[PDB]
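Some notes on the structure that comes next.
Cβ sites come from the backbone with ideal geometry, for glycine too, and all protein chains shown count toward neighbours. Bear in mind these aren't lab numbers, they're just calculated from the coordinates by the rules spelled out.
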Amino acid sequence: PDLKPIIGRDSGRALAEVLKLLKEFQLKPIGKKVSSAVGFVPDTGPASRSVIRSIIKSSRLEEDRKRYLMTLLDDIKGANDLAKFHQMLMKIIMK
Amino acid sequence: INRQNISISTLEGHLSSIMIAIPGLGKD
Amino acid sequence: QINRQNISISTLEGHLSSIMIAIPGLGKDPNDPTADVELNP
Amino acid sequence: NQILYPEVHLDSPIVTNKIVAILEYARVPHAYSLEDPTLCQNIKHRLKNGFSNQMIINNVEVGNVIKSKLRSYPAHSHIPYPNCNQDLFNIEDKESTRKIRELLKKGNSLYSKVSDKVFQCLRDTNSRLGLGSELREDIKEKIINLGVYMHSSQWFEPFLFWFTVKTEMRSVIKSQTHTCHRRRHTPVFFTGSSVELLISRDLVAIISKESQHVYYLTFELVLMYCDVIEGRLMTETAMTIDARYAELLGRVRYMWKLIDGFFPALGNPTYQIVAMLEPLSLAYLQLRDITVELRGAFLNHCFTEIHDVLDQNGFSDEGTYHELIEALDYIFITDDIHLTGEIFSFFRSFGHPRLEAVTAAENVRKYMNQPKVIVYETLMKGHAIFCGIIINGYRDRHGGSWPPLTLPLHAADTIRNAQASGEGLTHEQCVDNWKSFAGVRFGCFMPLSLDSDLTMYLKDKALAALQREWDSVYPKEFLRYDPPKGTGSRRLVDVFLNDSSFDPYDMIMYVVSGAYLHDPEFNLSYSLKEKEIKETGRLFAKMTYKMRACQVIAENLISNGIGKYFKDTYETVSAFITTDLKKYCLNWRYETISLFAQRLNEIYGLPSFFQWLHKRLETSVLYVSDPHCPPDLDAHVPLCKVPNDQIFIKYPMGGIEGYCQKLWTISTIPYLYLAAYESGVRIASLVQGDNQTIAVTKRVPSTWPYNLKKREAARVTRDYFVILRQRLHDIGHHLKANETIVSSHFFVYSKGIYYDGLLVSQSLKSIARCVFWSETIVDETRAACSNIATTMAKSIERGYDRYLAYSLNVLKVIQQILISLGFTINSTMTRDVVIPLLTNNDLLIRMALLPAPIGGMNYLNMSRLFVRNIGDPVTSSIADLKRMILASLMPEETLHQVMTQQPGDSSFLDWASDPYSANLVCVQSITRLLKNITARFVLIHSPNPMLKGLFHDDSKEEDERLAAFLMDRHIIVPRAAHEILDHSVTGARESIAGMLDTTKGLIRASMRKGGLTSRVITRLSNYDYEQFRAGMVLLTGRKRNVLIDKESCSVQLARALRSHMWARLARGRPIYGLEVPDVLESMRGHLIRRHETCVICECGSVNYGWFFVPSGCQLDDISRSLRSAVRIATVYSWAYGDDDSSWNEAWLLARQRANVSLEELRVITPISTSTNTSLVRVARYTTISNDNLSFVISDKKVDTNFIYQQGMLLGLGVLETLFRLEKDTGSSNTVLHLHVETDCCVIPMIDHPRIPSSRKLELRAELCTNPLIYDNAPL
Ligand SMILES: Cn1nc(C(F)(F)F)cc1C(=O)Nc1ccc(S(=O)(=O)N2CCCCC2)cc1
Ligand SMILES: [Zn+2]
Ligand SMILES: [Zn+2]
């Protein structure tokens, strides 16, 4: 809004969070494509790759199919394609 | 008065949403 | 004609009342030692 | 000062400054890096000065011994804690444990002789209950060879080593710290087979022969290693002899071997990975979710942190991280649901980190010095919900009215007319027009609960030193100057029971008047907290006396007053959110709490009272003080001139955890309710322990799939979470997404992990704590063998096997007895008991198999395996003994020795305060006796106005006289005497003296001041010696009671036992109302399968509990108002009964309790017709019909003779121990019959309406009007 007043504990003791235009230190928005406490969205990072691997491992499919999905994961690169494979696997698991 | 009413109600409209800035040290 | 602005003045006063209770200072006795002294002596 | 043995278990933190100080004064080289070099610089400068005392001299001599022995080893290297963990966990010596090895070998050869009969006696009980005719051939082998399993374990030799070292250092410390003899011999190394020991009084030096490594340890490290290994050995044995943990054993063993391999490389930061097994055990349970979008949500954060810790530590390679992640996957990924909370039990068995003060002060300074920007609109929208909650909480309980309540100023029409009409208002109106509550001023309508009890003040707390002497905690060694001496006391009870003028209103006015802001003595200090697996973790705060008193007073006010207002087709479906409240009290500024403290100021009528915390903190300095980390100060300075550095936190803003808990808890609900209204979902919060859960709930159509129902119930809370996060961030709180869980199935609490109606309990948390010596002040075999049997019975209810837990208890008792007889530091164990007992093998196992209510040392009887409370200890122990004699575990003459043993010497008050006690010679606890003596003495000698006029030295004689008058009649009733005496003013004194928890320091002070005589010291310094002598006499005595046989019922046996035991106070008069038949002897059983006809039913019995279970794959998922101490008088007058004449005496005692007349008393008492399931998984399927069991003795208008719930608990127990190893409940539906027989158990009694009091009633000269003592002005 760029228009929000600010009153501090004292007159001149508000110079800390006045420059953070840039008035309040907001919070990072929980987006549908950013990993947060709600929902899973995989990045390119090894953390996310290992999490998808753990989902394949702890899923309740058959062993050969689990290994085949692992092989499919071995040759995937890029956050976008990784997210597509994640959606595919989530669709497959409940089938 | 017909104008002063809104000219003073806008003050309350703007004051009903302010930001309190708490410092880091209790004495400074 | 007048009560419609008296309500606004009272709303502003009630905002400034509870806005200087949650901010220490800003007056001579601006804090809240304004309760009934005690039920028992 | 010799009745105090050194500590046996770990109770303090491991401070690296401690070891650094010891080694730097002993002049030994050491590879110990310190964050702050101030301690080393201080010690160095002090040595250059020339300061030295006896401790310095002793450490110098020990260091000389170490440095002279280190010459034989050319390439020695100090391996520091925790890098030495992998070695010192698997250390083993063969020429140092030469004694304890033989001891435990003998203790195992005794069990090898008793074990076949133990198994036979358990198989008898099983077959009797009706679980077949033969135990599992695996269970038989485990029970019989349970000693060989415990001896062929990988932790046995480390256990022997870390027990030998522990007991040797304990003996050294005990024999040395006593001022008897001062001439000391230097300690020399003990060259063993593979290691070389030097057990000094302060530090232990262990050199490794082949490896050349050198380790220096302290008493805390030795205690921690002994605890860790005694836990690992017990848990590995309990998972080896058991079959349900056949899969868990491999995972836990791999976890041990995998995280042990990081200690040599990673070091101290390895506990940041060890402390990641509590969140991971939930992140890996989320992978079974039903809304696939949530799977991995928490696991991503867990793995991100596990990667960041490795990167910051230095293991930047990717191979190490990948192998670690694969290992953790293998460990945690599993199928069974009930074995997912088990890895929780094991994450405390890697030891505790070594911590300092700087790294725990900076972590809290970072959070307490931080600006914030709150939002006024949402602050007031929450304050409106607060005012609305108060409005509704007072309009209820008062018939919909606001007599003293709010008086708005410019309120809206609906909210102004709600007051006039005297009706409530929901969250909708408040959040809609919160502008109406923008200036509401309450008026005092809440009294001040003043003299409820003394809990808050009496509960042991520490006090900080007065601000003028804030550095008296640091001894003169580690400081660069002479610190000021410490005048004031250092305990809440020591400063409270010496308060010549105490007044809660004086304290409240000390806050109201505002002298707490000018008090030149206020001081707040931080202290590191022991047994935490986080290097920063937590601290606990200590503040001065007056301020601590005002704090506890404020918390009691806010918990007794409005704090109680906040307690509370289409189906409902609820998800769960769980977030931990650590580091959540430092984000509580004054601005966000003043609007809620002000309404409470105006409710209780205490101007500017309820916001004392921030007004005091915002102008004070708090340092973190431990005796070994001093500040760097060349000369003494006040606490206001110290800079903002290592240990100081100048002028904080946030709160302090624990203080104002009720205030924060009631001021945090308005924002939950606002965020719930903004989404249209009904929530319910629960703060249980250290993490709060919220059960968001929504109504959904019934004719829906379970999958879609749970998916929508998770979507609604995924929406609610962001709203709540925005609200908390606008009021100033960060609801982090890393430390939080959202899940549609589970939530953590303090009784396990609730998972969709189940409960994944952790059974191996108490087996890891059934260590040898129990927590006490003097090593006592009775308390040890009671703590050994009080934890197996908890593992049994959390999921362990009954028979294997019983055998483990028997074995651990048999070797605890031997350790206390021939491997103890006690000095009063003489050859007249040590030699005969250790020589006679049969007697030594008889004393360890004989139950404790009879005279033995076995505290776990075969009925405590199944039911929660046994009926009568003395009639259940005799049934247990009969079972043992029948199964030929003990000879027949033991029953005669029991029934003709030597009666002890106890008075009437002891029989009235312990009513099930067939009196025994020298059985009580030395700790309990010292507590009940010192508490009584210090409460009699106290000028405190709160409890004055209550503790006069004649109180003991008055108690004994009242007990004699109550018990002594023509028919004795110990239970009723106990109830009356407990509720009287003689039970109030004992309750206060028990609440006054005396510490080792307090008993030391009492002995220094002469609290108890040297005669009592000599009487209680050789107690356990008398226990063993009395047991020897009991088991050797050769008498016979010709009227005793195996066939006479256990009830008759217990009656005869009590009569013969104290006829000196009975003279033949019947004791009545104690004996209740034993459940396991009285109840037989049978299991009806698909096609068969019952046999014990058709044999004639028609009284039996009927349990049913169907077949289906499960076990995975599916003038009197606002009562007061007048209630004490009421329950007493009902326990006395209805009497023609003795109603006068009942009224007399109830009058001494509370002020009321006989007529009001008779009309208030409820005259009666007489004169006197969250633990298992197969109780959901179970169906119970109580109809056939309704047959009791005449089934008249009385209570159930046997506790009716026993015949149901004992049925659920057998059903659970049947389906314990099955995944499904079978193919055919099963039924269970639980016939009972109490024929000969019926006491042939004469129904006395009441007994005439055959003693004159003498009471206190006048009932004292102390208001703490039951009130004497109700109306
Ligand atoms: C502001 N807030 N929002 C939420 C929500 F909704 F997100 F869960 C929770 C809180 C909140 O925790 N208040 C609060 C409650 C108790 C304490 S404590 O000091 O007594 N404590 C210390 C740690 C162990 C337990 C006891 C400190 C702050
Ligand atoms: Zn019987
Ligand atoms: Zn039957």
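Hey, rough spin-label estimate for D:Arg1123 and C:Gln5, points 7 angstrom out along Cα→Cβ, what's it come to in nanometres?
Taking the simple label geometry, D:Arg1123 and C:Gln5 are separated by 6.2 nm.
Taking the Cα centre of the protein assembly as shown as origin, work out the dipole magnitude from +1 charges on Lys and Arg Cβ and -1 charges on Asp and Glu Cβ, in debye rounded to 20.
Numbers: 165 positive and 158 negative charges, 241 e Å.
Charge dipole of the protein assembly as shown: 1160 debye, to the nearest 20.
Using amide H atoms built 1.01 Å from N in the peptide plane, name the residues 5+ places from D:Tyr749, or on other chains, whose amide H lies under 5 Å from its own.
Close amide H contacts, sequence-distant or interchain: D:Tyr754.
Could you give the length gained by full extension between D:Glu775 and D:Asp954, i.e. 0.36 nm per residue of separation minus their alpha carbon distance, to one decimal place? Before the final figure, lay out the partial values.
On the way: separation 179, 0.36 × 179 = 64.44 nm, distance 3.32 nm.
Contour length minus the Cα-Cα distance gives 61.1 nm.
Which ordering of D:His352, A:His86, B:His14 is given by a fewest-first count of other beta-carbon atoms within 10 Å?
Details: D:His352 24, A:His86 21, B:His14 12.
In order of increasing Cβ crowding within 10 Å: B:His14, A:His86, D:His352.
First check a/c for chain C, with a ≥ b ≥ c the square roots of the eigenvalues of its C-alpha gyration tensor; if it is under 1.5, answer rounded, and if not, answer prolate when a/b is larger than b/c or oblate otherwise. Mind showing how you got there, number by number?
Details: a/c = 3.90, a/b = 1.75, b/c = 2.24.
Since a/c reaches 1.5 but b/c is at least a/b, the shape of chain C is classed as oblate.
Mind running the shape call on the range D:523-671? Use the C-alpha gyration tensor, a ≥ b ≥ c as the square roots of the eigenvalues: rounded below 1.5 for a/c, prolate if a/b tops b/c, oblate otherwise.
On the way: a/c = 2.55, a/b = 1.54, b/c = 1.66.
Judged from the Cα gyration tensor, the range D:523-671 comes out oblate (a/c at least 1.5, b/c at or above a/b).
What does the C-alpha gyration tensor say about the overall shape of the range D:714-810? Classify as rounded when a/c is under 1.5, otherwise prolate if a/b is larger than b/c, or oblate.
Working: a/c = 5.88, a/b = 2.32, b/c = 2.53.
Since a/c reaches 1.5 but b/c is at least a/b, the shape of the range D:714-810 is classed as oblate.
Quick check: the distance between the Cα centres of the range D:306-367 and the range D:146-207, to the nearest angstrom?
Each part reduced to its Cα centre gives a spacing of 32 Å.
Shielding of D:610-617 by partners, i.e. mean partner chain Cβ atoms within 10 Å per residue?
Working: counts 0, 4, 0, 0, 2, 3, 1, 1.
Per residue, the number of nearby Cβ atoms from other chains is 1 on average.
Quick check on packing: order D:1264-1272, D:480-488 by the mean number of other C-beta atoms within 10 Å, highest mean leading. If you can, show how the numbers build up before the last one.
On the way: D:1264-1272: 17.3, D:480-488: 13.3.
Peptide ranking by packing, descending: D:1264-1272, D:480-488.
Please compute the modelled spin-label separation between D:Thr1169 and D:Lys105, points set 7 Å along Cα→Cβ, answer in nm with one decimal.
For the pair D:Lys105/D:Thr1169, the computed spacing is 6.8 nm.
Looking only at chain D, where both bridge partners belong to it, what percent of the DSSP beta bridges are antiparallel (to the nearest 5)? Present the calculation step by step, with values, prior to reporting the outcome.
Working: 57 of 66 bridges.
The antiparallel proportion sits near 85 percent.
Any idea how far the Cα center of the range D:939-1018 sits from the one of the range D:723-751, in Å?
49
Could you please state, rounded to a whole Å, how far the C-alpha centre of the range D:389-424 is from the C-alpha centre of the range D:1147-1225?
44
Sort D:92-100, D:1138-1146, D:1080-1088 by the packing proxy (mean of other Cβ within 10 Å over each peptide's residues), most packed first.
Values: D:92-100: 17.4, D:1138-1146: 15.2, D:1080-1088: 21.0.
The packing order, highest mean first, is D:1080-1088, D:92-100, D:1138-1146.
If you count, for each residue, the other Cβ atoms within 10 Å and average over each peptide, how do D:44-55, D:241-252, D:762-773 line up from highest to lowest?
D:762-773, D:241-252, D:44-55
To test your reading of the geometry: what angle, between 0 and 90 degrees and rounded to tens, separates the Cα axis of helix C:3-19 from the longest principal axis of chain C?
The helix C:3-19 is inclined about 30 degrees to chain C.
Take every Cα-Cα pair in the protein assembly as shown and report what % of them are more than 49 Å apart. Walk me through the numbers on the way to the answer.
Numbers: 461136 of 1034641 pairs.
Counting pairs separated by more than 49 Å, the tail of P(r) holds 45 percent.
Please compute the average number of Cβ atoms from other chains found within 10 Å of each residue's Cβ in peptide D:592-604. Kindly include the intermediate steps, with their values, before the conclusion.
Numbers: counts 3, 1, 8, 5, 1, 3, 7, 3, 1, 7, 4, 2, 4.
Partner-chain Cβ atoms within 10 Å, mean over residues of D:592-604: 4.
For C:22-33, what's the mean count of beta carbons from other chains sitting within 10 Å of each residue's beta carbon?
On the way: counts 16, 11, 9, 3, 4, 0, 0, 0, 0, 7, 11, 7.
Mean shielding by partner chains, rounded to a whole number: 6.
Name the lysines eligible as straight-distance cross-link partners of D:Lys956: C-alpha to C-alpha under 28 Å, and not fewer than 8 places from it in the same chain.
D:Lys459, D:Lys931, D:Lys948, D:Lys1000, D:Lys1009, D:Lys1256
Which order results if D:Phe262, D:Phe350 are arranged by neighbouring Cβ count within 10 Å, fewest first?
Working: D:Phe262 22, D:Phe350 25.
Placing the least packed residue first, the sequence is D:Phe262, D:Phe350.
Residue-wise, which Karplus ³J(HN,Hα) couplings in Hz belong to the range D:711-724, taking 6.51 cos²θ - 1.76 cosθ + 1.60, θ = phi - 60°, and x for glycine or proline?
In residue order, the calculated couplings are 5, 6, 5, 8, 4, 4, 7, 4, 6, 5, 5, 6, 4, 4 Hz.
Among D:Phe437, D:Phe1202, which comes first, second and so on when ranked by fewest other beta-carbon atoms within 10 Å?
Numbers: D:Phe437 26, D:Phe1202 19.
Ascending Cβ contact count within 10 Å gives the list D:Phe1202, D:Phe437.
Could you list which residues have their amide H under 5 Å from that of D:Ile14, counting only those 5 or more apart in sequence or on another chain, with H placed in the peptide plane?
D:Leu355, D:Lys531
Counting other C-beta atoms within 10 Å, and keeping those with at most 10, which DSSP coil trypsin sites (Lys or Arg not before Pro) do you find in the range D:777-837?
On the way: sites: D:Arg782, D:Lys794, D:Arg798, D:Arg802, D:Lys812, D:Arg831; in loops: D:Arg831.
Answer in residue order: D:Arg831.
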